[PDB]
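Undergrad: This is the structure, below, for whatever I ask next.
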Amino acid sequence: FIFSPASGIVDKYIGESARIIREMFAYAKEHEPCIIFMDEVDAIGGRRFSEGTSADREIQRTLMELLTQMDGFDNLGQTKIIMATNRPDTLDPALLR
Amino acid sequence: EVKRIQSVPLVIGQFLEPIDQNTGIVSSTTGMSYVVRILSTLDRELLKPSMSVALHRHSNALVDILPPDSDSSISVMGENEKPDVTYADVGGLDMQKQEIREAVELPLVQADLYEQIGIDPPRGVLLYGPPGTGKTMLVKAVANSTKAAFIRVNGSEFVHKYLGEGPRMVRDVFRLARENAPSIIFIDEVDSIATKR
Amino acid sequence: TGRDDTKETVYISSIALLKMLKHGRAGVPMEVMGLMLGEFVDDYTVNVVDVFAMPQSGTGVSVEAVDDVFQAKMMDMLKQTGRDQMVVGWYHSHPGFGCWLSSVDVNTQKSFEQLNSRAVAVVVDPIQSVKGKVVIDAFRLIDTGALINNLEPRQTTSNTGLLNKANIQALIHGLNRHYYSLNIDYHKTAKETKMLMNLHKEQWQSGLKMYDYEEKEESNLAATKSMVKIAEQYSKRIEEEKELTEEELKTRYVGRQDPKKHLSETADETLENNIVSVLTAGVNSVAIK
Amino acid sequence: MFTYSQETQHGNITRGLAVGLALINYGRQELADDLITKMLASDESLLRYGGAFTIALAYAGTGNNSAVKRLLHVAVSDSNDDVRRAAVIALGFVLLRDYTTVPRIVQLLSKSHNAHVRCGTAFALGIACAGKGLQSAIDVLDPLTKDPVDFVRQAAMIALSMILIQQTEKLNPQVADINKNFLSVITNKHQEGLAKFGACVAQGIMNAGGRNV
Amino acid sequence: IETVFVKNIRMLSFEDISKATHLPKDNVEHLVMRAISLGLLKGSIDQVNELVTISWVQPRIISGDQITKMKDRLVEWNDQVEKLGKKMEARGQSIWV
Amino acid sequence: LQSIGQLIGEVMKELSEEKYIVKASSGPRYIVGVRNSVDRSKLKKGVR
Amino acid sequence: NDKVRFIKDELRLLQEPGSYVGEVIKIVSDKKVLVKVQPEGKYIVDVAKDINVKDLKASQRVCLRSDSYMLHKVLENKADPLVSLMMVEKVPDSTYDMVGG
Amino acid sequence: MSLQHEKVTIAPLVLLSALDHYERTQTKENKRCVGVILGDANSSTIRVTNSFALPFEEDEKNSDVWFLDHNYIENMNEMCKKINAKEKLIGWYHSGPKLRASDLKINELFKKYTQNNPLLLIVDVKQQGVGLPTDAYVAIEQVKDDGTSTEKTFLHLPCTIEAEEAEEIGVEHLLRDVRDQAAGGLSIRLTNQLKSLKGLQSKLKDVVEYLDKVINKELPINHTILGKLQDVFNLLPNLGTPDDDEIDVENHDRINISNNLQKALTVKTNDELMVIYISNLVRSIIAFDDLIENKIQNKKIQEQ
Ligand SMILES: Nc1ncnc2c1ncn2[C@@H]1O[C@H](COP(=O)(O)OP(=O)(O)OP(=O)(O)O)[C@@H](O)[C@H]1O
Ligand SMILES: Nc1ncnc2c1ncn2[C@@H]1O[C@H](COP(=O)(O)OP(=O)(O)O)[C@@H](O)[C@H]1O
Ligand SMILES: [Mg+2]
């Protein structure tokens, strides 16, 4: 197990917050079977946005990284996602997929 | 004597453009731009357009060159990997199937078919739609079927992580594609990379 | 005045140069230090015979990082075997900077000068000796009071007038205008020249050592193939190139990046190899059996 | 003197005695032949440095092919710069008698780009072709005056002022131009001291003696 | 093992072996095969040329008589290189640089 | 105290036989040598 | 000899301290040039004897010899900002035989 | 203890050093020098990093009488431990010239300090031979087939040299020589080939006269020495086999690329032949116009 809180994988440095989550799927393929519990995700749950602040394209960079992992030429595995959220209609519908 | 300066260790810059046949502009990947002498009796045919290159460590000078094949962002993901979905996961999606076999498959089998009729070839393919529609699925289906070279990059493989990292990663993927041409470059999502605003 | 009053030409022994280098290289990146032992003859010839290192410190080079105990004891070891002389100066390493004394060392050189006024400081770069050329330079202080008395031309009397420099601006100002440089030459006997020149006991017996012939076939195959492609290149070049202005024509029709020169070179290279390979095989087959 | 060069350990003495050996064996030729063979074969630089000038002074004014043949060998084949020089300079002493052919011997040696060899090509010609000028000699020296390296410049300016000793521009204009080139350097402070030394000494060589020598 | 070692030839007709060991041809073939199993000789057999070509001999104790035989073999190759060396001195005279 | 540090890379790409492209964790790519301690076949892409 | 003394002289020439690409922001008439180094920041720095401030101008790339940043040559390049916009958008030009009708 | 001294790689520093110590104690007239070797062990390659002199006075009445300071050795070791702490006692050097059997007794004394088996490194100060001036040996204990009990005897170790990156480039800075054992250009390899061959000739001749000396002059018979010569004869090449027919065939292929390459250079050089002749034609035109111009140049010199 890990784990990842919604907001301790978020970093100030960009391409550093992509780094953890890419490398945390890597870990999952050596230490397999694995369960990846995302806890109380609403942080990068956010939609396309980016008519707001710069925060919302920080969300966007980190979200795109998850999709190539989940389904891509990167394939899984014996790695499992358990995603815990407190309201699911916050989410981007590409995380309802 | 002149072989010892061609030898290890070396730092890798990137050559921008010449100003001369024995003086060039290179950008080091240390985030410093240098105007540097170039060694005579190297070949310059691949040098003058941008390409990876070896620069000496302490002095900083263009002392040897590298081939464009090596110093790739990520290698071919199409001879050292093989697609994992065929056209047996396809049944339906035939509307897109008439347009994809024109677009991807026809310049690989022979580019010259276009040329001799006197239609100039279409460019790039954008696939759009909810990602649940099997866009991604179709790319893997025709790739297993054509069995040409394929590249698996993503924007989290072009992403900035130190200074001047991110433009270098862009230049390298096309350089590789042309060397073993023809080739299909796949970037799975450009959602982050490009934003309307 | 009444002497030559010029900085010694440091003649560093065959032993010594290697020993400072090995001792500096192990400690990279941290600064290294140590004593040069030598003898003083002439007024301007110091031959440095041997070296010893003064142990590491956690603050690196300091005047403080001199320890009388290590220096004197190590000295009494060499005394018993009678290979000791007198301290003619000292070495230390800047691998993070070029040749020039740092702000700390000039003050260390002032103490050392006090003890013996012929004391040199030799700055060794073990990290720019990864080249074919070793970067090493020697300096000795000229006193602040000395500059005032304008005694700088005194030090450059009776020399070839050939000095060394290291970069520009800051580095160069320290070099010429506060300290004095003198070239470094390398001293050796004919006994030592023979000891270095030798190699193994089958290096003088390595032309009988033929290679595996798979590898020699490889050499045959590559050279013929590659020359087809540079020859193609050679055909394109001489189709034009015969109007006026030589450089222009060479820029136009690929006369720079010269294939004419390059085709000859490959051919000659593969040609000298294959004469010896034939020679080797013909000797070994007949000689042994 | 031969023995004592080994014993000493002061750099001035090792050189001095190499020169002094050459001096005492002036005019000796075949007499001094054992000493030449020994001094050239020594692996130290200083005994070879006198070693060359023992041929020069021993075979002074002789037209012996063998005397000249030895000096050419030393020049190219010895891997020490200091050694090369002493051999080029020497040639002029031997060929004092016939100074006509000397610019052809050294044409080669001036082509090459070693500082020490070029510095000595300049001198060889200076010693040899003194008296009244030689048109081929003047011509060779002209790249060597305009040289990048300061030491090659120093030697070269001196060497021309021997050749064209006390000659006027009312006889030969090329002498005015050569002199005027010396005056520019004496003016110029943005060169090294080395060029300046040679400029002063060489300009006084021309006008020496109160304009009479 | 004795016959091959002492001889400068290393191929023997079975006839010679048959006469020595007082065996038929059926038993020379076994004997040779056994030597190979135990590892006292190694080689290969042509029963079509009728030779046994041995290619390796086990080193063993070397007695007074054998040293003389070993020695002579060495004189021949010593002289052979010396003769051969004069020609190679002679040829390519111009260059020895 | 007498032991010095080492700087991590990864094998980015085989250049020749004895020259390797590493991407150091300094960030800029270097070209490096081999000891006889390693083998060609113990090195492969994505090994630190 | 031309050959071997070209190799021996290129070993000297290749050895640098690093020599950069700068761009001139603006001149100052104390005889100095405000140069923004392309990675780094701005430094007002003196010029060589082959160039002066009237051979230099805004948005013209200079070479610097970097141990003090002392201006060497004008570079053989010049940036223009209007083409940046125009290219990045990307549009050709036409004639009236490509509109006709 | 162990044998793990299969290869001994020896720094060039050490050799240089050994000659330097030898002269500064001024041991001549068959006097010897012993110093400690410091370096690595528990490696198959034994690395000789460094050496330092021990005061040792060796007698002239006997070879069995010597003075050596045990108290000295530790002081030397602890100071050098401060410099670099990968240095431990790995033997002691003898200054040669040759092996002795009084060195066996000295070996056993150095065996106390060591946690490896002592290296006796005969560093020759006489520079004899064109090959290495080092033979290496380690004292090892054996029984033997003769009827010989508990023997202490020294088995030769092959000697190699390695140097570090910093150390090697130190050599290259010092020296500039091209060597007589180098395998460089065509000429140089031609010289090596003759030299290598004559090398072998010299060693084989010794063996022949050594065999004589067993069997008439009563030198000892030893199964290691005989055993080695047997191997030579068993793995000896043979010609006239199908191996040889193939070697000739390989030989034609190498003759073949030399022939093709010889013809190729003829074409590049004949290109150059023509072009010198084209330049002459153009320089002719230039020379004729020149003469009119030289007339005015001759004239000006007469007029002024
Ligand atoms: N036509 C179809 N036949 C079979 N299975 C399908 C079909 N379309 C899609 N699927 C399956 O649905 C999944 C999603 O498809 P795909 O892998 O192409 O990604 P995508 O929609 O581009 O996602 P994103 O780009 O956000 O990662 C795959 O497992 C794919 O095999
Ligand atoms: N007058 C014309 N002559 C020829 N081709 C034309 C003409 N007008 C339109 N086209 C073609 O149609 C394309 C679409 O017209 P375009 O110039 O992009 O349109 P807009 O009017 O939207 O600015 C052109 O690129 C060209 O191929
Ligand atoms: Mg997809």
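Letters for chains follow the order of the structure tokens (A, B, ...), residue numbers begin at 1 for each chain, and ligand numbers begin at 1 in the order shown.
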Can you work out which residues from chain G touch chain C at a cut-off of 9 Å (counting only C-alpha atoms) and hand them back as a list in words?
TA: residues 17, 66, 67 and 68 of chain G
Undergrad: Go ahead and dump the residues you just picked, C-alpha atoms, as an mmCIF file, in the first residue's frame.
TA:
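What ended up in out-v6.cif:
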data_model
loop_
_atom_site.group_PDB
_atom_site.id
_atom_site.type_symbol
_atom_site.label_atom_id
_atom_site.label_comp_id
_atom_site.auth_asym_id
_atom_site.auth_seq_id
_atom_site.Cartn_x
_atom_site.Cartn_y
_atom_site.Cartn_z
ATOM 1 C CA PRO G 17 36.950 30.226 -20.809
ATOM 2 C CA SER G 66 33.119 35.862 -20.460
ATOM 3 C CA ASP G 67 35.480 36.470 -17.597
ATOM 4 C CA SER G 68 34.385 40.128 -17.558
#
Undergrad: Give as a list in words every residue of chain F that touches chain C within 12 Å, counting only C-alpha atoms.
TA: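 Therefore, the residues near the partner are residues 1, 2, 3, 4, 5, 6 and 7 of chain F.
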Undergrad: Going by DSSP on the backbone, which residues of chain E come out as strand (DSSP E or B)? List them as a ChimeraX atom specification.
TA: /E:11-13,41-46,51-57
Undergrad: Provide as a PyMOL selection string the residues of chain F at most 9 Å from chain B, counting only C-alpha atoms.
TA: chain F and resi 12-15+19+21+27-33
Undergrad: How would the residues just picked look written out with N, CA and C atoms as a CSV table (one decimal), in the first residue's frame?
TA:
chain,number,residue,atom,x,y,z
F,12,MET,N,20.8,6.5,-20.2
F,12,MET,CA,19.9,7.1,-21.1
F,12,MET,C,19.9,6.3,-22.4
F,13,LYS,N,21.2,5.9,-22.9
F,13,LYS,CA,21.3,5.4,-24.3
F,13,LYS,C,22.8,4.8,-24.5
F,14,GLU,N,23.0,3.7,-25.1
F,14,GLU,CA,24.3,3.1,-25.5
F,14,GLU,C,24.8,4.0,-26.7
F,15,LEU,N,26.0,4.5,-26.5
F,15,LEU,CA,26.6,5.3,-27.6
F,15,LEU,C,27.4,4.4,-28.5
F,19,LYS,N,31.5,3.9,-24.6
F,19,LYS,CA,31.0,5.2,-24.3
F,19,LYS,C,29.6,5.0,-24.2
F,21,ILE,N,25.9,7.3,-22.9
F,21,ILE,CA,25.2,8.6,-22.6
F,21,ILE,C,24.5,8.3,-21.3
F,27,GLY,N,21.5,16.9,-13.9
F,27,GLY,CA,20.4,17.2,-14.9
F,27,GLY,C,21.0,17.1,-16.3
F,28,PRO,N,22.2,17.7,-16.6
F,28,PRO,CA,22.8,17.7,-17.9
F,28,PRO,C,23.4,16.4,-18.3
F,29,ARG,N,23.2,15.9,-19.5
F,29,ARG,CA,23.7,14.6,-20.0
F,29,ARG,C,25.2,14.7,-20.1
F,30,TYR,N,25.9,13.5,-19.7
F,30,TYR,CA,27.4,13.4,-19.9
F,30,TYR,C,27.6,12.2,-20.7
F,31,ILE,N,28.8,12.1,-21.1
F,31,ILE,CA,29.3,10.9,-21.8
F,31,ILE,C,30.5,10.5,-20.8
F,32,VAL,N,30.5,9.2,-20.5
F,32,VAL,CA,31.2,8.5,-19.4
F,32,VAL,C,31.9,7.2,-19.9
F,33,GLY,N,32.8,6.7,-19.0
F,33,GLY,CA,33.5,5.5,-19.2
F,33,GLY,C,33.0,4.4,-18.4
Undergrad: Around ligand 2, at most 10 Å away and counting only C-alpha atoms and all ligand atoms, which residues are there? Put them as an MDAnalysis selection string, please.
TA: chainID G and resid 91:92 94:101
Undergrad: What does the distance from atom CA of residue 286 of chain H to atom CA of residue 141 of chain D come to in Å, to one decimal?
TA: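 Between atom CA of residue 286 of chain H and atom CA of residue 141 of chain D the gap is 26.6 Å.
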Undergrad: Using the chain letters and numbers from this document, which residues of segment 60-99 of chain G does DSSP assign to helix (DSSP H, G or I), as an MDAnalysis selection string?
TA: chainID G and resid 81:89
Undergrad: Show me which residues line ligand 3, defined as having an atom within 6 Å of a ligand atom where only C-alpha atoms and all ligand atoms count, and present them as number ranges by chain.
TA: A: 72; B: 136, 188
Undergrad: Wanna dump the chain B-chain A contacts at 10 Å for me, each residue with its shortest atom pair and the distance in Å to one decimal, counting only C-alpha atoms, ordered by chain and number, as CSV?
TA:
residue,atom,partner,partner_atom,distance
B:77,CA,A:73,CA,8.8
B:81,CA,A:73,CA,8.9
B:82,CA,A:73,CA,9.1
B:83,CA,A:73,CA,7.1
B:84,CA,A:73,CA,7.3
B:85,CA,A:73,CA,9.5
B:130,CA,A:94,CA,7.8
B:131,CA,A:94,CA,7.2
B:132,CA,A:97,CA,6.7
B:136,CA,A:72,CA,7.7
B:137,CA,A:72,CA,9.0
B:140,CA,A:73,CA,8.4
B:152,CA,A:73,CA,7.3
B:153,CA,A:73,CA,9.8
B:154,CA,A:68,CA,7.8
B:155,CA,A:65,CA,8.0
B:156,CA,A:65,CA,6.2
B:157,CA,A:15,CA,9.4
B:158,CA,A:15,CA,9.4
B:159,CA,A:15,CA,5.9
B:160,CA,A:15,CA,5.8
B:161,CA,A:15,CA,5.2
B:162,CA,A:15,CA,8.8
B:187,CA,A:68,CA,9.8
B:188,CA,A:68,CA,7.0
B:189,CA,A:64,CA,7.0
B:190,CA,A:64,CA,8.5
B:191,CA,A:64,CA,7.0
B:192,CA,A:61,CA,5.2
B:193,CA,A:61,CA,8.0
B:195,CA,A:50,CA,8.3
B:196,CA,A:50,CA,9.2
B:197,CA,A:51,CA,7.2
Undergrad: Please, what distance in Å, to one decimal, runs between atom CA of residue 134 of chain D and atom CA of residue 54 of chain D?
TA: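 Pair atom CA of residue 134 of chain D / atom CA of residue 54 of chain D returns 26.9 Å.
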Undergrad: Within 12 Å of residue 111 of chain H, counting only C-alpha atoms, which residues qualify if same-chain residues fewer than 2 places away don't, as a ChimeraX atom specification?
TA: /H:1-2,89-92,104-109,113-120,138-140
Undergrad: With N, CA and C atoms retained, write the just-selected residues as a PDB file, in the first residue's frame.
TA:
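What follows is the written file part.pdb:
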ATOM      1  N   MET H   1      48.071 -18.113   4.680  1.00  0.00           N
ATOM      2  CA  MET H   1      46.649 -17.644   4.832  1.00  0.00           C
ATOM      3  C   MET H   1      45.877 -17.896   3.608  1.00  0.00           C
ATOM      4  N   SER H   2      46.150 -17.196   2.478  1.00  0.00           N
ATOM      5  CA  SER H   2      45.429 -17.303   1.192  1.00  0.00           C
ATOM      6  C   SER H   2      46.358 -16.956   0.103  1.00  0.00           C
ATOM      7  N   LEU H  89      49.783  -2.769   5.321  1.00  0.00           N
ATOM      8  CA  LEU H  89      50.934  -3.516   5.046  1.00  0.00           C
ATOM      9  C   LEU H  89      50.440  -4.654   4.048  1.00  0.00           C
ATOM     10  N   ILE H  90      51.131  -4.741   2.832  1.00  0.00           N
ATOM     11  CA  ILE H  90      50.832  -5.814   1.869  1.00  0.00           C
ATOM     12  C   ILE H  90      52.077  -6.531   1.463  1.00  0.00           C
ATOM     13  N   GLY H  91      53.215  -6.232   2.073  1.00  0.00           N
ATOM     14  CA  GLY H  91      54.526  -6.829   1.883  1.00  0.00           C
ATOM     15  C   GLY H  91      55.571  -5.789   2.093  1.00  0.00           C
ATOM     16  N   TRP H  92      56.776  -6.070   1.502  1.00  0.00           N
ATOM     17  CA  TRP H  92      57.973  -5.311   1.565  1.00  0.00           C
ATOM     18  C   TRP H  92      58.663  -5.600   0.313  1.00  0.00           C
ATOM     19  N   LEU H 104      63.481 -15.391   2.794  1.00  0.00           N
ATOM     20  CA  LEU H 104      62.367 -16.243   3.224  1.00  0.00           C
ATOM     21  C   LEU H 104      62.066 -15.984   4.662  1.00  0.00           C
ATOM     22  N   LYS H 105      63.197 -15.728   5.457  1.00  0.00           N
ATOM     23  CA  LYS H 105      63.191 -15.544   6.888  1.00  0.00           C
ATOM     24  C   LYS H 105      62.595 -14.189   7.092  1.00  0.00           C
ATOM     25  N   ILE H 106      62.912 -13.162   6.302  1.00  0.00           N
ATOM     26  CA  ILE H 106      62.370 -11.809   6.383  1.00  0.00           C
ATOM     27  C   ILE H 106      60.871 -11.850   6.047  1.00  0.00           C
ATOM     28  N   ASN H 107      60.411 -12.669   5.092  1.00  0.00           N
ATOM     29  CA  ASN H 107      59.027 -12.806   4.704  1.00  0.00           C
ATOM     30  C   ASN H 107      58.180 -13.164   5.851  1.00  0.00           C
ATOM     31  N   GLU H 108      58.662 -14.058   6.787  1.00  0.00           N
ATOM     32  CA  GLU H 108      57.918 -14.658   7.796  1.00  0.00           C
ATOM     33  C   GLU H 108      57.648 -13.644   8.808  1.00  0.00           C
ATOM     34  N   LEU H 109      58.590 -12.657   9.027  1.00  0.00           N
ATOM     35  CA  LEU H 109      58.500 -11.487   9.938  1.00  0.00           C
ATOM     36  C   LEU H 109      57.462 -10.505   9.519  1.00  0.00           C
ATOM     37  N   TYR H 113      52.404  -8.640  10.581  1.00  0.00           N
ATOM     38  CA  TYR H 113      51.752  -7.420  10.342  1.00  0.00           C
ATOM     39  C   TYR H 113      50.574  -7.536   9.448  1.00  0.00           C
ATOM     40  N   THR H 114      50.707  -8.286   8.395  1.00  0.00           N
ATOM     41  CA  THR H 114      49.764  -8.576   7.330  1.00  0.00           C
ATOM     42  C   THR H 114      48.610  -9.318   7.773  1.00  0.00           C
ATOM     43  N   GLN H 115      47.516  -9.201   6.973  1.00  0.00           N
ATOM     44  CA  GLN H 115      46.363 -10.032   7.114  1.00  0.00           C
ATOM     45  C   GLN H 115      46.108 -10.739   5.742  1.00  0.00           C
ATOM     46  N   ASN H 116      47.085 -10.567   4.839  1.00  0.00           N
ATOM     47  CA  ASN H 116      47.244 -11.159   3.534  1.00  0.00           C
ATOM     48  C   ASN H 116      48.561 -11.917   3.515  1.00  0.00           C
ATOM     49  N   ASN H 117      48.984 -12.539   2.407  1.00  0.00           N
ATOM     50  CA  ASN H 117      50.177 -13.310   2.423  1.00  0.00           C
ATOM     51  C   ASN H 117      51.287 -12.419   1.873  1.00  0.00           C
ATOM     52  N   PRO H 118      52.476 -12.165   2.547  1.00  0.00           N
ATOM     53  CA  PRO H 118      53.415 -11.148   2.084  1.00  0.00           C
ATOM     54  C   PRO H 118      53.889 -11.217   0.661  1.00  0.00           C
ATOM     55  N   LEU H 119      53.750 -10.031  -0.044  1.00  0.00           N
ATOM     56  CA  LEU H 119      54.353  -9.817  -1.377  1.00  0.00           C
ATOM     57  C   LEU H 119      55.788  -9.359  -1.201  1.00  0.00           C
ATOM     58  N   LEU H 120      56.622 -10.107  -1.924  1.00  0.00           N
ATOM     59  CA  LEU H 120      58.016  -9.776  -2.032  1.00  0.00           C
ATOM     60  C   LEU H 120      58.139  -9.243  -3.404  1.00  0.00           C
ATOM     61  N   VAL H 138      55.453 -14.488  -4.042  1.00  0.00           N
ATOM     62  CA  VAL H 138      54.831 -14.526  -2.729  1.00  0.00           C
ATOM     63  C   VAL H 138      55.316 -15.807  -2.044  1.00  0.00           C
ATOM     64  N   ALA H 139      55.627 -15.786  -0.707  1.00  0.00           N
ATOM     65  CA  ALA H 139      56.093 -16.974  -0.010  1.00  0.00           C
ATOM     66  C   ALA H 139      54.914 -17.846   0.309  1.00  0.00           C
ATOM     67  N   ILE H 140      54.987 -19.099  -0.274  1.00  0.00           N
ATOM     68  CA  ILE H 140      53.867 -20.024  -0.139  1.00  0.00           C
ATOM     69  C   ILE H 140      54.413 -21.336   0.323  1.00  0.00           C
TER      70      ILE H 140
END
Undergrad: Give as a ChimeraX atom specification every residue of chain C that touches chain E within 10 Å, counting only C-alpha atoms.
TA: /C:283,286-289
Undergrad: Would you please work out which residue, of D:114, D:29, D:66, D:174, is nearest to chain G when using only C-alpha atoms?
TA: D:114
